[PDB]
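Here is the structure we will look at.
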RNA sequence: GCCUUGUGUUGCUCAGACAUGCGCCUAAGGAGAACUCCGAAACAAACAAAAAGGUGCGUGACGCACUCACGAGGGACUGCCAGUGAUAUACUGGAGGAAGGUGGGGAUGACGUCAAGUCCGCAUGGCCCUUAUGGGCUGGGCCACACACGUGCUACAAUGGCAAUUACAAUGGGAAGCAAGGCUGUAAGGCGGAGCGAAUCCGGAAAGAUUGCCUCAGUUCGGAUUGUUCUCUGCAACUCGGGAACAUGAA
Ligand SMILES: Nc1ncnc2c1ncn2[C@@H]1O[C@H](COP(=O)(O)OP(=O)(O)OP(=O)(O)O)[C@@H](O)[C@H]1O
Ligand SMILES: [K+]
Ligand SMILES: [Mg+2]
Ligand SMILES: [Mg+2]
Ligand SMILES: [Mg+2]
Ligand SMILES: [Mg+2]
Ligand SMILES: [Mg+2]
Ligand SMILES: [Mg+2]
Ligand SMILES: [Mg+2]
Ligand SMILES: [Mg+2]
Ligand SMILES: [Mg+2]
Ligand SMILES: [Mg+2]
Ligand SMILES: [Mg+2]
Ligand SMILES: [Mg+2]
Ligand SMILES: [Mg+2]
Ligand SMILES: [Mg+2]
Ligand SMILES: [Mg+2]
Ligand SMILES: [Mg+2]
Ligand SMILES: [Mg+2]
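Structure (structure tokens):
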């Protein structure tokens, strides 16, 4: 059964090694993984394509699973926070694709409207009236 | 067509943004760099 | 070498009496002599079409296929099996040629299938039928020769590569049979032929373009390409261009070993003073003229697995997506007919033949023609 | 010639690579150039090889 | 034919015949023939245009008696500077760290120098 | 049964013929490489298989023509070497005949420099007609056996 | 499965998987011994080993499946020995020796 | 059912030199049980302190692993962790794997949609 | 860059700070490269037992110091 | 090596079914007669999902039938039949079975002999050295070379050498680490890092088969020796390291 409240659901993985002898530090301690479903974020298709390009192989298509793993920090909570910051940065950068889509669509539309004898006379008359 | 332009211009600018998000080191010209020898542990104490 | 004397003696004695020409369930083994290839019926499936060797060489002067020659040297008789797969292909191209007064026929057909199933023999029988219909048939029995052997020079205008020896052998094999029709036909473009580098003799000095006369025929063009080694490549390209504008007779282009044009060629180009780079088959001029199936003409391209071409894509470039056809292996009745044919041709002994014996050989060879042919003398 | 260091057998005996033997990159580049693909196509190929 | 400074046999194929030139081996022959645009042909079937192209293509590499003279001159300058390698070259000893206790017979000679007259 | 799986599936052979085929394949195999010699043996069988006949019965006849019945052995009595004759068993006859066939075929291969299938079929066909190098080897062995027939009763086996 | 003659090895045709005629002959021998050629549709998945090892494994599997289909052909298959698992495997290498049984060259004097 | 437990759970990986099944009483209660392949490491030493090259003795080191699955809901994970921190398994080292799910806050990124 | 070798040649530290005037003395550093600023000078190179006297010329530039001071005596058997 | 029984994730998931994700190649505009129509457009688009057809790579749900992994067991004992024999011990054949007579292989090594080997692994009785036979650094040597012997590697080729295509393993190793994809260099190399402390992630098995070249040559056999140009590890490759490129081509 899923968590409380509402929103997209994350999945965490974390390790604790219980070594004997009174020395506690083990290299497997500091690795944290987080998994998310891409389609639950509700991004647009172009935003999803930019996300996939920005991600590479951390995205698995059969499950729609985006998994981020952090080992670069010395403590488990630090790697967890790094994973969440990376997820927020990925969503923020992936959302930008709509503006580029709108800009190049308007560029194509305006290229189509420049080469038209019907529209150019009306545009020139309207800019001649106001000079 | 419009389809190839819309499918190709949305994936641009990712090269520096990915390095900024993930903290990677970017070397576009492939010179010899000390990053590969500073990314390894300090095995002095162990010894 | 008196081994074959007894077999030849008994074979010469066996033609004196016609009660031995019986096949599976006693049906007569061969076609009636009054039947030609254009009038083959459903009821002829499972029989053997007799030929003449000199007449077959006359109809196909470009060279007999390796499968046909291998079957002939071991059966000792110019005969071929009539199958359903050839009949349906013939009906396809007859429907394409002239519609009769739910099966949409296809203009461009690629023959893929299991190794040693008879694609070369089927394409050769189709070319024989079309030339009996008197069409304009361009037959390439060895597509490996177009990319292997000879000189290679870079074209200074297009960037592609010129192969003059193969460019003149294509024209020679075309006009060895298609001379009297090319005397009739006329060219539809009169632009000058731009000259190219010759086969080891370099660029012609003084002559840059050969002008086309007003009353020039396709025969005049091809004879110009044969006689001048500085013009063969451009004449081959031009000939490909006028093969699509002819309206008098139907035109068919049949290529064997069609898969060799989708891989590397023999030639290599130096791209660095300490390195070399291989050249794809698409970068040849004579391959580039003929490879694309994006047109309106009747093209057949039969792959070959005997040549070690390797793996290709399922969606090949510059061809329609539905152009690929499967050429199936032998079935039970085809194997029964070929086993009784080898019994008639005395490739096996009369005292060891049985239903179980030929079924065992067929099930081992999995319907492979060459493996069945090589296995059946060991039938005991 | 397993002792000839300029041949593929000799390079395999020495446990090294060169023009004669070549790494996995050479097979990948050659198979990309064979099937008419851009060199930036990710390996393995997203097609069906028949 | 007289290409470089050596005789190329007329009856042999060109790829194996061109290796007769000093300074041309198995791979430079392939590079030269690929530069000329020729796969392989007999050396007596060569046209004069291909002969002058072959001469100008072979002339792009150091080859022949000048290469022999260069190699001899630098072996001589090592002796004249008299480093360790020059001393080994003058004494006819192996100069690339190889053992001389048992197995230096290519630089030294046959075991016809025999016995050594005592145990 | 591992040798000649094709001729075992297309069955109808006895133990003696199976043994003959296995021996003819395996005697010249080096370094465990069976494919080339099995292809050579199959095509040598196929050369008269396309022209009627029973090629395996031809092989049985050819080997029977070169089986030797008596051989010699070197026995030391009081310091001098004698050459004692003895009787050859049924397996050793077969092995000696097939070894002589393959030896003569390979010497003919070196002498004429032609295809090995041609050499093997040439020697087997000539051995079918009671002549050849293998038959001369058999008669030479019988000559050495019949020259020293007085020195039997020196036999130890 | 009872069928018409299909035979698949790892989703490929067996003519493709075993291009040698002798491997196919060894694979079709158990069917030809119990006289059931042309009655079966066989799908197998093979792995490990080399080529003759894979052929032997598929042959033993076919023989055991035939016996499971109908147990009265056991007397047919046991004479050809298609139900005996071959126990011969690669013997280990012993220390002080070059191979399993080959020793180093001995020096006496 | 016998399908895989996917959700909020604990997984214990136990590594040992001996079989953990020898002393089964010290294992925690669990829903599922499975075993991994054993791993061996080979040592070959000379027997003599001097030249007896052909006489060797061969020792090995063998590693064994076992995998335990515990189903647990979200409220009792912090209750179970206190006891799981204090276990005593005989001749073993254990590995605590935690599978839990939280939710995503969308408010500071919803402006970019 | 027009450099053919990406790495500097090796010269020892007591040469790197004095250069030429540390070049008329006994040296023990056989592993130092002969620099083009070292020409026309006399050194005594240690060979394990003695100091071989060597005058640096044009022909020794680029080699090592120890290439010209031999360690093993050339032997003549009886 | 064969068969039961229990446990099934990082392993298996065959057939027969249910649902799904992602990427491609086409051509495709809303409303009242069986959503069709007769309604709107100027110009090609397929846009917030939905809307067609060929496809490629997968995943989940159900399972763990099957392979495999692990724990515990079974099974082979001359047990049964016939003969030879001295009714014993045995020997020779057969049946059944996965396996037949010690089923294959390993581990296991008696009393003592060689005054066998080790005081330079270690511990030790006796003698000996003590501004030295003790301790430190740099440099050299253990890599020398008229010769002799031992152990190995590569070959003298056609049952072969080379190029292109195409198949099939097991044991192991990985944090001072293994490093997918991609860029750069003819190449060894260089940049950068998807995953992994590892049934989870990480390294084209070769002989083999198909096609072609070579045609008995001191050779397209064989790669010693040598020159030039570089590269990796390291404070440092002269004596004295590994590797690459091109050339030289002994016996
Ligand atoms: N209709 C037929 N009549 C006689 N023989 C046939 C026929 N079909 C196939 N065969 C036999 O099959 C053998 C191989 O035929 P073919 O050379 O056409 O193979 P393929 O299908 O072209 O495949 P590939 O070109 O890859 O070998 C021939 O030797 C021939 O004996
Ligand atoms: K030395
Ligand atoms: Mg063909
Ligand atoms: Mg060689
Ligand atoms: Mg590259
Ligand atoms: Mg790579
Ligand atoms: Mg083992
Ligand atoms: Mg079970
Ligand atoms: Mg028994
Ligand atoms: Mg015991
Ligand atoms: Mg003593
Ligand atoms: Mg001592
Ligand atoms: Mg030894
Ligand atoms: Mg990483
Ligand atoms: Mg491990
Ligand atoms: Mg091979
Ligand atoms: Mg071959
Ligand atoms: Mg040579
Ligand atoms: Mg160096």
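Protein chains in written order, with the authors' numbering: chain a, 282 to 412; chain Y, 5 to 51; chain W, 95 to 195, 202 to 480; chain T, 49 to 98; chain L, 32 to 150; chain F, -8 to 148; chain H, 322 to 430; chain I, 121 to 233; chain R, 132 to 209. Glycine included, each C-beta is placed from N, C-alpha and C at the ideal position.
Nearest-angstrom Cβ-Cβ length linking residue 187/I and residue 144/I, presumed shorter than 8 Å: Position 67 of the eighth chain, counting from 1, holds the residue named residue 187/I. Position 24 of the eighth chain, counting from 1, holds the residue named residue 144/I. Contact doesn't hold; Cβ gap of about 15 Å is too wide.
Secondary structure of residue 213/W, DSSP reduced to three states: Taking the third chain and counting its residues from 1, the one referred to as residue 213/W is at position 113. Residue 213/W carries a coil assignment under DSSP once its states are collapsed to helix, strand and coil.
- prompt: Relative to ligand 4, is the shortest distance from any of its heavy atoms to the C-beta of residue 49/T smaller than 6 Å?
  reply: By 1-based counting over the fourth chain, the position of residue 49/T is 1. Yes, the beta carbon of residue 49/T sits closer than 6 Å to at least one heavy atom of ligand 4.
query: How is the alpha helix (DSSP H) around residue 173/W delimited, first residue to last?
result: Residue 173/W sits at position 79 when you count from the first residue of the third chain. Where residue 173/W is concerned, there is no enclosing alpha helix (DSSP H), although the beta strand (DSSP E) it sits in stretches over 173 to 175.
- request: Taking 8 Å as the threshold, find out whether the region 457 to 477 of chain W comes into contact with the region 416 to 432 of chain W through three or more Cβ pairs.
  value: As far as the Cβ criterion goes, the region 457 to 477 of chain W touches the region 416 to 432 of chain W, which means the pair count is three or higher.
message: For the pair the region 293 to 306 of chain W and the region 334 to 348 of chain W, tell me if three or more CB-CB distances fall below 8 Å.
response: Enough Cβ pairs lie closer than 8 Å, so yes.
- prompt: Residues in its own chain within less than 6 Å of residue 61/T by CB, not counting five upstream and five downstream?
  reply: Along the fourth chain, one-based indexing puts residue 61/T at 13. Excluding sequence neighbours, residue 61/T sits near 50.
query: Is DSSP giving residue 177/L helix, strand or coil here?
result: Because chain L spans 32 through 150 in this model, residue 177/L falls outside it and cannot be assessed.
- prompt: Going by DSSP, which residues form a beta bridge with residue 328/H?
  reply: Translated into the one-based positions of the seventh chain, residue 328/H becomes position 7. Residue pairing of residue 328/H in beta bridges, as defined by DSSP: 363/H.
query: Would the beta-carbon of residue 437/W fall within 7 Å of that of residue 117/W?
result: Position 337 of the third chain holds residue 437/W. Position 23 of the third chain holds residue 117/W. Between residue 437/W and residue 117/W, the gap from beta carbon to beta carbon is short of 7 Å.
- prompt: Taking the C-alpha atoms as reference points, what is the distance between residue 177/W and residue 324/H?
  reply: Residue numbering aside, residue 177/W sits at position 83 when the third chain is read from its first letter. Residue numbering aside, residue 324/H sits at position 3 when the seventh chain is read from its first letter. Those two C-alpha atoms are separated by around 25 Å.
message: Output needed in chain order: residues of the region 386 to 398 of chain a with a Cβ under 7 Å from some Cβ in chain I.
response: Those would be none; no residue qualifies.
task: Please state if the CB of residue 236/W and the CB of residue 349/W are separated by a distance shorter than 7 Å.
output: One-based indexing of the third chain puts residue 349/W at position 249. One-based indexing of the third chain puts residue 236/W at position 136. In this structure, residue 236/W lies closer than 7 Å to residue 349/W by Cβ.
task: Give the DSSP-derived three-state secondary structure of residue 264/W in the structure shown.
output: In the third chain, the residue the question calls residue 264/W occupies position 164. Residue 264/W falls in the helix class under three-state DSSP.
field: Contact set between the region 38 to 51 of chain F and chain W, restricted to residues whose Cβ is under 9 Å from the partner
entry: Of all residues in the region 38 to 51 of chain F, 38, 39, 40, 41, 42, 43, 44, 45, 46, 47 have a Cβ within less than 9 Å of some Cβ in chain W.
- prompt: What three-state label does DSSP hand residue 228/W in the structure shown?
  reply: Along the third chain, read from residue 1 onward, the residue named residue 228/W stands at position 128. Of the three classes helix, strand and coil, the one that applies to residue 228/W here is helix, per DSSP.
task: State the start and end residues of the unbroken beta strand (DSSP E) segment that holds residue 136/I.
output: For this step, residue 136/I is matched to residue 16 along the eighth chain. Counting along the chain, the beta strand (DSSP E) containing residue 136/I begins and ends at 129 to 136.
field: Span separating the alpha-carbon of residue 163/I from that of residue 176/I
entry: Indexing the eighth chain from 1 puts residue 163/I at position 43. Indexing the eighth chain from 1 puts residue 176/I at position 56. Their backbone Cα atoms lie some 10 Å apart in a straight line.
message: I'd like to know whether the C-beta of residue 6/F is nearer than 7 Å to at least one C-beta of chain W.
response: The residue labelled residue 6/F in the question sits at position 15 within the sixth chain. So, not an interface residue.
query: For residue 212/W, is the beta carbon positioned less than 6 Å from some heavy atom of ligand 3?
result: Your numbering for residue 212/W matches position 112 in the third chain. The answer is no for residue 212/W.
- prompt: Can you check whether the CB of residue 287/W is closer than 7 Å to the CB of residue 269/W?
  reply: Counting from one through the third chain, the residue named residue 269/W turns up at place 169. Counting from one through the third chain, the residue named residue 287/W turns up at place 187. Residue 287/W sits away from residue 269/W, with the two beta carbons spaced by 7 Å or more.
query: Can you list, in chain order, the stretches of the alpha helix (DSSP H) that have 4 or more residues and sit fully within the region 292 to 335 of chain W?
result: You should have 318 to 327.
- request: Note down the Cα distance separating residue 55/L from residue 82/L, rounded to an integer number of angstroms.
  value: Numbered from its first residue, the fifth chain carries residue 55/L at position 24. Numbered from its first residue, the fifth chain carries residue 82/L at position 51. A direct Cα-Cα distance of roughly 17 Å separates residue 55/L from residue 82/L.
field: chain L residues whose Cβ lies nearer than 7 Å to that of residue 370/W
entry: Here the question's residue 370/W lines up with position 270 in the third chain. For residue 370/W, the chain L residues whose C-beta falls within less than 7 Å of its own C-beta are 62, 65, 66, listed in chain order.
query: Residues of chain R with a CB under 9 Å from the CB of residue 118/L: which are they?
result: Walking along the fifth chain from the start, residue 118/L turns up at place 87. Per Cβ cutoff of 9 Å: 201, 205.
- prompt: Where does residue 363/W sit, in a helix, a strand or coil, going by DSSP?
  reply: Taking the third chain and counting its residues from 1, the one referred to as residue 363/W is at position 263. Coil, per DSSP.
query: Going along chain I, which residues have a C-beta under 9 Å from residue 369/H?
result: Reading the seventh chain from its first residue, position 48 is the one you call residue 369/H. For residue 369/H, there are no neighbours in chain I by C-beta distance under 9 Å, as the nearest C-beta there is about 16 Å away.
message: Give the residues whose C-beta lies closer than 5 Å to at least one heavy atom of ligand 1, in chain order.
response: My final list is 161/W, 164/W, 165/W, 174/W, 175/W, 215/W, 216/W, 217/W, 218/W, 219/W, 220/W, 221/W, 404/W, 405/W, 406/W, 469/W, 470/W.
- prompt: Nearest to residue 84/F by alpha carbon, out of 108/F, 58/F, 46/F, 71/F?
  reply: Position 93 of the sixth chain, counting from 1, holds the residue named residue 84/F. Residue 84/F has its Cα closest to that of 58/F, out of 108/F, 58/F, 46/F, 71/F.
- prompt: Per DSSP, which one or two residues make a beta bridge with residue 185/R?
  reply: By one-based count along the ninth chain, residue 185/R stands at place 54. Bridge partners of residue 185/R: 174/R.
Collapsed DSSP secondary structure at residue 220/I in the structure displayed: To locate residue 220/I, count along the eighth chain from 1; it is residue 100. Strand.
- prompt: How many Å lie between residue 314/W and residue 184/W at the Cα?
  reply: Taking the first residue of the third chain as position 1, residue 314/W is located at position 214. Taking the first residue of the third chain as position 1, residue 184/W is located at position 90. So the alpha carbons of these two residues sit roughly 38 Å apart.
task: Going by DSSP, name the residue or residues bridged to residue 354/W.
output: Here residue 354/W refers to the residue found at position 254 of the third chain. Partner(s): 239/W, 400/W.
task: Answer yes or no: do residue 49/L and residue 60/L have a C-beta to C-beta separation smaller than 7 Å?
output: Along the fifth chain, read from residue 1 onward, the residue named residue 49/L stands at position 18. Along the fifth chain, read from residue 1 onward, the residue named residue 60/L stands at position 29. Cβ distance < 7 Å, so residue 49/L and residue 60/L count as in contact.
task: Select from the region 90 to 121 of chain L all residues with a C-beta closer than 8 Å to any C-beta belonging to chain R, and list them in chain order.
output: Across the region 90 to 121 of chain L, CB contacts with chain R closer than 8 Å involve 108, 111, 112, 113, 114, 115, 116, 118, in sequence order along the chain.
query: When the cut-off is 7 Å and only beta carbons count, does residue 70/F lie next to chain W?
result: One-based indexing of the sixth chain puts residue 70/F at position 79. Residue-level contact check: residue 70/F does not touch chain W, since none of the beta carbons of chain W fall below 7 Å from its beta carbon.
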